[PDB]
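Okay, here we've got a single chain as structure tokens, the form deposited in one PDB entry, with questions on binding and movement later.
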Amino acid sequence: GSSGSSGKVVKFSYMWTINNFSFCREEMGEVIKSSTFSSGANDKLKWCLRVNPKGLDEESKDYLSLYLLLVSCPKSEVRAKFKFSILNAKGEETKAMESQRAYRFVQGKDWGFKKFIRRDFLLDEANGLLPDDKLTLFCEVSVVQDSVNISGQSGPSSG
């Protein structure tokens, strides 16, 4: 619905601080998957982030390769918007890449960018993105919803 009502959108952010980012002993192909984060409750729809310090390919080996992977999902496919950002030593957003478009996510789907930031830039002191060698990646996921509000308050039916 382009012209009319839009609805509600469930979004949630998750701060992932990778201690010793410069110590990542991963090849130029391996990826680092972080735990599963959700809006709050033990929702069935989970999400994960795949970051690559040593890059993924020879084209973006110098820069970092981050991608949003859908660890697990309740329904077949799910649409949501992702946003990657870096929190400097002052916990301030810098060198973040956001897009005003939602992609199709499915159990085992990876979507993101090849060249997110120059690895040499992070380790750089001028920026101070890593005051203690900790890579804090602030991601934000927004699941498209349709004014849907699921409530419980059901009977105990205990005994």
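One-based numbering along the sequence shown.
A second form of this protein, the form deposited with a partner chain bound, is not displayed here; the remarks below concern that form.
Under a 4.5 angstroms non-hydrogen atom cutoff, its partner chain in the deposited complex has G112 among its neighbouring residues. At the 4.5 Å threshold, heavy atoms of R50 reach its partner chain in the deposited complex.
Using a 4.5 angstroms limit between non-hydrogen atoms, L56 touches its partner chain in the deposited complex.
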